[PDB]
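**Student:** Supplied in structure tokens, the structure appears directly below.
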Amino acid sequence: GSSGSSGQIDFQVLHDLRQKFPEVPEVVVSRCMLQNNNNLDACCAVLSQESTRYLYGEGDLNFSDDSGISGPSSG
């Protein structure tokens, strides 16, 4: 039961995340923010649980289908 109205991605909020989750693909992150009406923690969390889903694999019972692979590997 969405009450508020969907806004526009919040970079400032993303950046903050980008730092916490730099490895994670922004494109993916966004899809998260756009879902959390652009949030920091609310995202960080989802990102924390999501990451693992994209990393070690598996996590939570939340459904999320989206293609995106990024292997930068620092060095």
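Here's how to read the names in the structure tokens: chain A, B, ... by the order shown, residue numbers from 1 in each chain, ligand numbers from 1 in the order shown.
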Counting only C-alpha atoms, what is within 10 Å of residue 71 (chain A), bar same-chain residues fewer than 3 positions away, as a ChimeraX atom specification?
**Tutor:** /A:23-25,74
**Student:** Using only C-alpha atoms, can you tell me which of A:38, A:26, A:21, A:16 comes closest to residue 51 (chain A)?
**Tutor:**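 Ranking A:38, A:26, A:21, A:16 by distance to residue 51 (chain A), first place goes to A:21.
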**Student:** As a ChimeraX atom specification, please: the residues near region 7-10 of chain A (cut-off 10 Å, only C-alpha atoms, same-chain neighbours under 5 positions excluded).
**Tutor:** /A:15,30-40
**Student:** Run DSSP on the backbone and grab whatever in chain A lands in helix (DSSP H, G or I); send it over as JSON, numbers by chain.
**Tutor:** {"A": [11, 12, 13, 14, 15, 16, 17, 18, 19, 20, 26, 27, 28, 29, 30, 31, 32, 33, 41, 42, 43, 44, 45, 46, 47, 48, 49, 50, 51, 52, 53, 54, 55, 56, 57]}
